[PDB]
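Summary of the model geometry
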Amino acid sequence: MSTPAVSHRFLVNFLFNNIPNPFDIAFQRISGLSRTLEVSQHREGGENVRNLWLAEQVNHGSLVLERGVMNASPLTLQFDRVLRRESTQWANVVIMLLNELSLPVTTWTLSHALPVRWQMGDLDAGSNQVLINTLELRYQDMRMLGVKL
Amino acid sequence: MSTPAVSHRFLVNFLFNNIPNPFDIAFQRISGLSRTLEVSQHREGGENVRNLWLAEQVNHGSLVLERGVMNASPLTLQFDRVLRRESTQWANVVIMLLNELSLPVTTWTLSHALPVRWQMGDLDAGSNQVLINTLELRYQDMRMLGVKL
Amino acid sequence: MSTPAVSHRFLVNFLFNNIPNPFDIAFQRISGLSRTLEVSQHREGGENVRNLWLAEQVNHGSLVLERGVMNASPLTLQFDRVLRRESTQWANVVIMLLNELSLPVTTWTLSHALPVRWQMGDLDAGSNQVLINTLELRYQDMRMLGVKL
Amino acid sequence: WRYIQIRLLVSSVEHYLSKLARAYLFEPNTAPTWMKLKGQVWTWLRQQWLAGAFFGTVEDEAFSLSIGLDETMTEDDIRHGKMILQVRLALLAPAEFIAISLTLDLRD
Amino acid sequence: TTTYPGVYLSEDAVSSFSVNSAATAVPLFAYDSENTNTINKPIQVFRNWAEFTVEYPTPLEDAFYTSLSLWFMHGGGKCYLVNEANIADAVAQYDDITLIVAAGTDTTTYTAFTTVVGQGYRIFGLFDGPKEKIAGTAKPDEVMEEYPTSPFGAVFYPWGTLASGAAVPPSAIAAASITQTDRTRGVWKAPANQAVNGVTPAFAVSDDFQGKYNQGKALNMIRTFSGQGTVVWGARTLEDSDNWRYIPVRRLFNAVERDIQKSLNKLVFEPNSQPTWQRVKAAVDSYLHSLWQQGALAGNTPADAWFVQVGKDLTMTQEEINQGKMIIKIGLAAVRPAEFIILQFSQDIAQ
Amino acid sequence: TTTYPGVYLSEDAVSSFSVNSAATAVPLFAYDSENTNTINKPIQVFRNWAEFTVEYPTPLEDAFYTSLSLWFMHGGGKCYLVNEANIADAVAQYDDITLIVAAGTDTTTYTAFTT
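In the PDB header, cryo-EM is given as the technique by which the entry was determined, and 3.1 Å as its resolution.

Printed below as a string of structure tokens:
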């Protein structure tokens, strides 16, 4: 059987409408994409032994990203504009894992992602650590691709 | 690629209107500045598969500071006046990291910070520790600067 | 720079109105004095990017004290009267740290402290420990003094 | 430099920015004290833009600050004890003339 | 003039630009010999915009002033104003130049470009197109005959019409998209699609027009699009060969061959022996492995991306050791860009 | 024909099939000897659907074309068009064949199967 996919190589591509060039930014800690369907349980009168689950509404999670405090990229300059309320532009994000050669084995492809939260790491006098800042986006739809679905 | 920023060198500058001189005070444990945008989810009638996030209001966090019990600075004399309700003066705070030479690589620059909480450390007979007091401010706006954004 | 203050030497002076002599009692574990100012956030109509914090009311913490079960002092005889509701007398408490010589470097000076809670330690057959009882006071005002503020 | 309120606004900014400049006066000429001064001036100028004093729908076109070693100063300026800070401003124009026009817009 | 210890309020403030330089882009801007408003100093060094306006304080409208003012407003570090007569000697003396930028200059920079290429100085020239409108019945052979047939040059036709009315030479538009590319993407990435601000192309260029001028000598258009305003559109050099097409793969090897000789000049006059040959090939393998793992080299393993080779029956003979020679041969694979994108469309109604 | 560095909009697009091969299924499709629209090359190798339509671009209606186009649209990797006369020698030469597929063929593939 083919070997499963490990989780320490990944590219992320962003495409805003403010910014003319699509840019690719390296992260440390992409959190993880959930997708819940939100059923509800109904209880019938004469039926006491089975359950009844009724499908309603697909809920998508959130894209939480982590990287170090490095030079100003086109994405930390873009969260600065949205969190100062100077723009409300959102982007189409493409996230993909890479195998041993270079090849994309799975792709996640988020749509209309909106920057909603910046979170700075701690400043501590005895710490021995890189200052990590936490970024967080809310998207509208999600569409996973690739050969390793 | 340029080296990321570590988190154990930082200066803090305060500017009150009571106090004629801007003063610079060394802290141990600056907590961390958050900035949330507070979206809300709307559910449409015929649409069951995508989400809809609507931007509302930017929420800023809080500046929690820690330093030891040392000689009376112009800032612990100023929290004493505000928490005795003798003044309600607030200050413009400038926080900045330093690189290997002396140079400010990132700057955070808070506005109208108000002293709201003093918290004293524990007095314990077998302890072997410095008495640390915890200071906490609520500011109105926040504006990050520098080359390492 | 002068050396910070450690937290394992402290005197506590009590002054009740029942009791004619001011007495000084050694404790193990004075908890710690907080002082919060209790702001509230207001949201304005056209302003979405800054915050507005309005000062209300200073809240003081509580004085939690710990010492072993020793001979009956004038303070455990006084909590016994207040918790039996025979008196509702309260005292002016003075707490102060000591440096290497004898000198008071900081002083906390509570006003109208009222005994509100007694808490006894556990009786366990295999324990190897001193029976510690926990005392707790609610005061009205607080006024910190000294050279190390 | 016509329009009285332009001459009186920009000298009201001279009077306050030189009040907090001489607070940082007999400091070192090291790069921390240059950025201690930008952070205080940037905070104050942003509040006056949000109070309605300056033109511009974004901050990038309302004001600018440029202190630094090879931005405004030079190493010959530093050794003579100078600390040079540049402010650019964008100001508001009066409504001196109202040029009314009328259009008929036939519509059947 | 500072007299009192207070605060001085001066109101003759001018613009300023922060340096955001790249180490692999140190250009040479050539000004004309018969130019009247240049200082008689033939070679002059400009590290930033502040040192340029202390020698040229009034805003001129010439080819060298609008080339340099467009250089420094897009980052840009140290650069040289060199007279047309001393371009073959300023490259040979100053050790630091990576670009020869013809800032509105013809037929004298060209013959001094082909001098220093034959002497082997690892430079890349950026020439100019015609200042007049190329018709369309003009032929790409008769228009592209001024220019050398060396792989170290590119031409860039459409001139600029800077917002103050002045005309920017199109070598300066091309050199200001090299600075912004050599930071954000590297020297191995094409200088093309990066947008340069404050300039405008003088003429509207179609893509039927660029198809005649792409193969052969490669004119390399400067085109504006909605969104991406006034990018340079093309990345080919002045020869159409399998090796030395594509400005990325020539400027990649110029950066490789200069960073290797800066590393191996600290090994000259060492004893010509077998322990020294091992120290050479491990200083090149350590340079090329870091260059492979940041995307500059094409290969999914280190054996497919580079090789270094040195021996006594491999690369040099014992009669050639005795002359003091040390022959190292280094082969390495570069990444070629995409140039054409074909969108193949199908549709069928109600199916 | 690509001349300028831009984007080309061609609208004669056709179908395409992604290879999802198995290593243990490398077949031999035998075409008839008296077939007119096959290339005079008696043994020819087809790794995918793109290499098959550069040699057979118009959609034929024969036994070998509809066998191979049904092969490649269900995955399918490398495969051989071998003439009926050379089926006993293409198996003996090419080392890789696991299947002999008589694509509309009688009495000559049978006697070269039993060889």
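Here the narrative resumes, following the displayed structure.
**Focus: the sheet that holds strand β3 (residues 43–46) of chain F**
All names here are of chain F. The sheet built from four strands is open, its strands ordered β3-β4-β2-β5 with mixed pairing. The open sheet has two edge strands, β3 and β5 (99–102), and neither has a second partner. Neighbour-to-neighbour, the strand axes of the sheet open up by a mean angle of 25°, direction not taken into account. Of the strand pairs in this sheet, strand β2 (residues 27–31) and β5 are connected by four bridges, and their pairing is parallel. Residue pairing in the sheet places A30 in a bridge with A102 of β5.

**What about a nonpolar patch on the surface?**
A cluster of nonpolar side chains, namely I341, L343 and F345 of chain E together with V7 and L9 of chain F, defines an oily patch on the protein surface of about 440 Å² accessible area. Put simply, the parts of the chain that give the nonpolar patch at least two residues each are β11 (341–344) of chain E together with β1 (7–10) of chain F. The topology assignment puts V7 of chain F in strand β1. Relative accessible area serves as the criterion here: at 40%, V7 of chain F is assigned to the partly exposed category.

**Observations regarding the sheet that holds strand β2 (residues 43–46) of chain E**
Residue and element names in this part refer to chain E. Within the open sheet, the six strands sit side by side as β2-β3-β1-β4-β5-β6. Their pairing is mixed. Bordering the open sheet on either side are β2 and β6 (153–154), each of which pairs with just one other strand. Taken together, the four bridges between strand β1 (residues 27–31) and strand β4 (residues 99–102) define a ladder with parallel strand orientation. Across the sheet, the residue bridging to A30 is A102, located in β4. Here helix α4 (residues 109–118) sits on the sheet in contact with β1, β4, β5 (124–126) and β6, set at roughly 170° to β4.

**Remarks on the interface of chain A and chain B**
Between chain A and chain B, the contact holds 40 residues from the first and 39 residues from the second. Counting each side, the surface lost to burial between chain A and chain B is near 3,800 Å², with a carbon and sulfur contribution of 53%. Counting the surface chain A buries against chain B, the share from its top three residues, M70, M120 and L123 of chain A, is 19%. At the boundary of chain A with chain B, the tally comes to four salt bridges. A salt bridge links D80 of chain A to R143 of chain B, with the nearest nitrogen and oxygen atoms 3.2 Å apart. Counting only elements with at least two residues in the side of chain A that touches chain B, the list comes to β6 (59–60), α1 (76–83), β10 (110–119), β11 (123–124) and β12 (132–138) of chain A. Per-class residue counts for the side of chain A that touches chain B are 17 nonpolar, twelve polar and eleven charged. Bridge count for β11 of chain A against strand β3 (residues 29–30) of chain B is two bridges, and the pairing is antiparallel. Looking at the pairing, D124 of chain A lines up with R29 of chain B of β3 of chain B.

**Focus on the nonpolar core**
Inside soluble globular proteins, nonpolar side chains tend to come together where they are buried. Residues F14 of chain A, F14 of chain B together with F14 of chain C are the most contacted members of the largest nonpolar core, which totals 104 residues. If we skip the residues at most four places from it in the chain, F14 of chain B touches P22, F23, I25, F27, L65, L75, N92, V93 and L137 of chain B. Formed by 37 residues, the second largest nonpolar core is a distinct cluster that contains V101, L126, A174 and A175 of chain E.

**Quick look at the relation of the copies chain A and chain B**
Overlaying chain A with chain B gives an RMSD of 0.0 Å, the required rotation being 60° about an axis along which the chain moves by 0.0 Å. Classification of the inter-copy transformation places it as that of a six-fold axis.

**Quick notes on unusual backbone geometry**
In the Ramachandran plot, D105 of chain D falls in the positive-phi region, its phi being about 60° despite a non-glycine side chain. Take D105 of chain D: it is sitting in the segment after β2 (87–89). Using a relative accessible area of 62% as the deciding quantity, one classes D105 of chain D as exposed. Positioned with a positive phi, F269 of chain E is a non-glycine residue whose angle comes to about 70°. For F269 of chain E, the location among the structural elements is in the loop between α8 (247–264) and α9 (274–292).

About the criteria used
Counting of residues restarts from 1 for each chain and follows the sequence as written, so the numbers need not equal those of the entry; residues with no coordinates are not shown. Going through the entries in the order they are written, you letter the chains from A and number the ligands from 1. Consider the displayed chains a part of a larger assembly; each reported value belongs to this part rather than to the entire assembly. The basis for every side-chain value is the complete set of non-hydrogen atoms in the structure, without hydrogens or water. Pairing between two strands is assigned when DSSP locates at least 2 bridges connecting them. Put simply, DSSP marks the helices as runs of H or I at least four residues long and the strands as runs of E at least two long, and each gets a number from the N terminus on. Fitting a line to C-alpha atoms yields each axis, with helices limited to the stretch in contact; the angle taken between N-to-C directions then spans 0 to 180 degrees. Patches here: salt-bridge-free residues with over 30% relative accessible area, like charges joined within 9 Å, nonpolar side chains (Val, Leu, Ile, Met, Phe, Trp, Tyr) joined within 5 Å. Here, Shrake-Rupley sampling with a 1.4 Å probe gives the accessible areas, and only protein chains in the shown set may cover a residue. Any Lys or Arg side-chain nitrogen located within 4 Å of an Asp or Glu carboxyl oxygen qualifies as a salt bridge. Relative accessibility under 20% of the residue-type maximum defines a buried residue, over 50% an exposed one, and the middle range a partly exposed one, all with a 1.4 Å probe and only protein chains included. In this description, contact between two residues means that some pair of their heavy atoms is separated by no more than 4.5 Å. Take the accessible area each of two parts loses on contact, using a 1.4 Å probe, and add the two losses: that sum is the buried area. Amino acid classes used here: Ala, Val, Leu, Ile, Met, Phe, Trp, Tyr, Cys and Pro are nonpolar; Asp, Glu, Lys and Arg are charged; the rest, including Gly, are polar. In these notes, a set of buried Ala, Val, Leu, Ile, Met, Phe, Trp, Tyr and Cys residues joined through side-chain atoms within 4.5 Å is what counts as a nonpolar core. Least-squares superposition on the C-alpha atoms is how the copies are aligned.

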